[PDB]
Amino acid sequence: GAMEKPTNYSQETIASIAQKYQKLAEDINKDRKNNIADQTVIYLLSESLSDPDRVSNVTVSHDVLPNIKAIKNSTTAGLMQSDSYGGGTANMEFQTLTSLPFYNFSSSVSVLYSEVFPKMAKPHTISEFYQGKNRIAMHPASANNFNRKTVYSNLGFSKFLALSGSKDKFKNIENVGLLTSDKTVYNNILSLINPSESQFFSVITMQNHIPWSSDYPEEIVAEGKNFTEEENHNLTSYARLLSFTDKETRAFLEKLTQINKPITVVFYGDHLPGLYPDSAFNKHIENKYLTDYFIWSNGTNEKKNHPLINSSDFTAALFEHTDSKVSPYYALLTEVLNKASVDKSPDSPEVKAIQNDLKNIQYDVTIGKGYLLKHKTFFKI
Ligand SMILES: O=P(O)(O)OC[C@@H](O)CO
Ligand SMILES: [Ca+2]
Ligand SMILES: [Mn+2]
């Protein structure tokens, strides 16, 4: 099966969970000031972006993420735990939108968009708080890769910019490396931002996707202990491409500050590039699955303490960072973010209890009975 049924799964257990977090949402909202629908949100999946400084046996001549590191110091930011290495982009993407963690599904599941999403009766995502005409997706490749076209059509999106497979195209396409530049993606985002509307962007870049090729900037060179010439060349090409994304990301956020609209960006690398051998990590193999993330608004920014979170925790962290009122569903996800996520012990009794609540909800909305359809406020603010 796609997911194990909790031992206590039943209509009454779902009822107990709905009521419990209905009241917790009320308490949380007594201190949440804003509404998520008042701000434009941008989920920016930065393909293969991860600071090589965390790879122990790697040496780079220059810091290739100086600007992004400065952004991380100014706002809520830290490390994201990835579920795969060198691939799995769409699986992280699914988790950001639904907030349903991959680690609760079965290992037999390969692509969540193909095996789980189609079986969900009414999938709830962050984009449902926005009007269909204001939901926008972007990816410089085939819209049908990993079944994205079907996902974003079923989610009521009005646009899906893609190099092929959809009516919506990118403008002024330029290549940095072999593939479409992040600059092109960023500028196409800006051209679509409508200050008169609250919008939701789901973006998946391609510039830093394998294969990596770049001869500039020449001064940036990188090597790893006992690497082959090919491995050193791929690392060098990747490090050079990161330096461009770093500068372009800074300029992108700068432009967002000049727009008269509250805008928040959830920026993250989906996984490390598949160019490092396991030896490169030495004493810290955990760094094989730790990418960079930040949650940045175009106005004033708090800095919540979340040094290590999952891709499924982003929405709950978004609501917290923007002090937005939550629904009973996101009240549960706020307890997971703070008390029962990947940074906590899986043997803690509190982590188990909160995870049991999540597993019952997660099972109910995927391949379960759908008891939550009768709890009509569980997903509403
Ligand atoms: O890194 P991967 O898993 O190949 O993702 C690529 C995908 O974004 C192409 O549409
Ligand atoms: Ca508050
Ligand atoms: Mn990827």
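As deposited, the entry is annotated with X-ray crystallography as its determination method and 2.0000 Å as its resolution.

**Looking at the packing of aromatic side chains**
Inspection of every chain in the model, using the stated rule, returns 24 aromatic pairs. With 4.8 Å between their ring centres and 75° between their planes, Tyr 9 and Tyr 363 make a pair best called edge-to-face. Of the two residues, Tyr 9 sits in the segment before α1 (11-29) while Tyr 363 sits in helix α10 (residues 349-366), which places them 354 residues apart along the sequence. Across the pair, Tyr 363 and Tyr 9 agree in class, each one buried.

**Considering the site of ligand 1**
Inspection of the region around ligand 1 gives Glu 47, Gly 87, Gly 88, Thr 89, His 139, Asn 145, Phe 146, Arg 148, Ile 204, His 209 and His 271 as its neighbouring residues. At a separation of 3.4 Å, an oxygen atom of ligand 1 approaches a polar side-chain atom of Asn 145. A distance of 3.3 Å separates an oxygen atom of ligand 1 from a polar atom in the side chain of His 271. For ligand 1, whose free accessible area comes to 320 Å², the fraction covered by protein is 89%. Grouping the constituent residues of the shell around ligand 1 by class yields 2 nonpolar, 7 polar and 2 charged.

**Overview of the packing of helix α2 (residues 66-74) against helix α7 (residues 229-257)**
Two elements in contact, α2 and α7, have axes whose closest approach is 7 Å; the angle formed by their N-to-C orientations is 45°. By the angle class used here, α2 and α7 are oblique. Of α7, the residues touching α2 (which contributes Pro 66, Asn 67, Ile 68 and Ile 71) are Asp 246, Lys 247, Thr 249, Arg 250 and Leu 253. Of the residues assigned to the contact of α2 with α7, the class counts are 4 nonpolar, 2 polar and 3 charged.

**Digging into the sheet that holds strand β12 (residues 308-310)**
In any sheet, the strands associate via hydrogen bonds between backbone groups, in a parallel or an antiparallel arrangement. Ordered by their spatial adjacency, 8 strands build an open sheet running β5-β4-β8-β1-β10-β11-β3-β12, and the pairing between neighbours is mixed. This sheet does not close on itself; its edge strands, each paired only once, are β5 (159-164) and β12. The average undirected angle you get between the axes of adjacent strands in this sheet is 20°. Sheet topology places strand β10 (residues 263-269) next to strand β11 (residues 290-297); 5 bridges connect them, and they run antiparallel. Pairing of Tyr 268 across the sheet is with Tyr 293, part of β11.

**Some details on the coordination of the calcium ion (ligand 2)**
At this site the calcium ion (ligand 2) is bound by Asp 31 (O) and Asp 323 (OD), with donor distances of 2.2 to 2.5 Å. You can see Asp 31 sitting in the loop between α1 and β1 (40-46) and its partner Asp 323 sitting in the loop between α8 (314-321) and α9 (328-339), a full 292 residues away along the chain. For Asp 31, a relative accessible area of 61% corresponds to the exposed category. Judged by its relative accessible area of 25%, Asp 323 falls in the partly exposed class.

**Let's talk about the UniProt feature "binding site: Mn(2+)" (unreviewed entry) in the protein chain**
Under the feature "binding site: Mn(2+)" (unreviewed entry), the UniProt entry names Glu 47, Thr 89, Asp 270 and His 271. These annotated residues cover 225 residues of sequence, and their C-alpha atoms all fall within 7.5 Å of one another, placing them together at a single site. The topology assignment puts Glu 47 in the loop between β1 and β2 (58-60). If we ignore the near neighbours within four places in the chain, the residues touching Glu 47 are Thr 89, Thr 205, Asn 208, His 209, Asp 270 and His 271. A polar side-chain atom of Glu 47 sits 2.7 Å from a polar atom in the side chain of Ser 48. Relative to the helices and strands, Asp 270 is located in the loop between β10 and β11. With sequence-adjacent residues up to four places away left out, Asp 270 is seen in contact with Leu 45, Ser 46, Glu 47, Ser 48, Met 80, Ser 82, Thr 89, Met 92 and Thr 291. Polar contacts involving the side chain of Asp 270 include one to the main-chain amide nitrogen of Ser 48, which spans 2.9 Å.

**What to know about the pairing of β1**
Burial analysis of β1 places 7 of its 7 residues in the buried class, the great majority of the element. On β1, burial covers both faces: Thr 40, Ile 42, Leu 44 and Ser 46 on one face and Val 41, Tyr 43 and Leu 45 on the other are all buried. As paired elements, β1 and β10 share 7 bridges and run parallel to each other. What sits directly across from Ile 42, in β10, is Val 265.

**Let's talk about the coordination of the manganese ion (ligand 3)**
Summarising the metal site, the manganese ion (ligand 3) is bound by the protein donors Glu 47 (OE), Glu 47 (OE), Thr 89 (OG1), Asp 270 (OD) and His 271 (NE2), whose distances to it range over 1.9 to 2.2 Å. Between the 6 donor atoms coordinating the manganese ion (ligand 3), the angles at the centre fall across 60 to 156°, so the site counts as irregular. When the donor residues of the manganese ion (ligand 3) are listed from N- to C-terminus, their spacing reads E-x41-T-x180-D-H. Looking at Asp 270, the relative accessible area reads 0%, which means it is buried. For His 271, a relative accessible area of 1% corresponds to the buried category.

**Quick notes on the layout of surface pockets**
The volume enclosed by the largest pocket comes to roughly 380 Å³. Residue composition of the lining of the largest pocket, grouped by class: 6 nonpolar, 5 polar and 7 charged.

**Quick look at the pattern of salt bridges**
In the structure shown here, the tally under the stated rule is 12 salt bridges. Salt-bridge contacts for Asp 357 lead to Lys 20; the nearest nitrogen and oxygen are separated by 4.0 Å. You can see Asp 357 sitting in helix α10 and its partner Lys 20 sitting in helix α1, a full 337 residues away along the chain. For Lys 20, a relative accessible area of 52% translates into the label exposed. When salt bridges with common partners are traced through the structure, they connect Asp 51, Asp 63 and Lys 69 into a single cluster.

Reading the values: rules and limits
- Residues numbered from 1 in each chain as written, not as in the entry; some residues may be left out.
- Chains lettered and ligands numbered in written order.
- Heavy atoms only, no water.
- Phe/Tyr/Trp six-rings, centres within 6.5 Å; stacked < 30°, edge-to-face > 60°.
- Helix = DSSP H or I, 4+ residues; strand = E, 2+ residues; numbered from the N terminus.
- Buried < 20%, exposed > 50% of the residue type's maximum accessible area, 1.4 Å probe, protein only.
- Near = heavy atom within 4 Å.
- Polar contact = N/O pair within 3.5 Å; in protein donor to acceptor, adjacent residues only side chain to side chain.
- Areas by Shrake-Rupley, 256 points an atom, 1.4 Å probe, with all protein chains shown as cover.
- Nonpolar A, V, L, I, M, F, W, Y, C, P; charged D, E, K, R; others polar.
- Axes fitted to C-alpha atoms, helices over the stretch in contact; angles between N-to-C directions.
- Parallel < 35°, antiparallel > 145°, perpendicular 65-115°, else oblique.
- Contact = heavy atoms within 4.5 Å.
- Pairing = 2+ DSSP bridges.
- Donors = N, O, S within 2.8 Å, 3.2 Å for Na, K, Ca; no water.
- UniProt positions renumbered as here; feature names shortened; annotations may be inferred.
- Tetrahedral: all angles 85-135°; square planar, octahedral: opposite > 155°, others 65-115°.
- 1 Å grid on protein atoms, 1.4 Å probe; cavity = no way out; pocket = protein on both sides within 12 Å on 5 of 7 lines; lining within 4 Å.
- Points joined across faces, edges and corners; volume = space filled by probe spheres on them.
- Salt bridge = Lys/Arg side-chain N within 4 Å of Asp/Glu carboxyl O.

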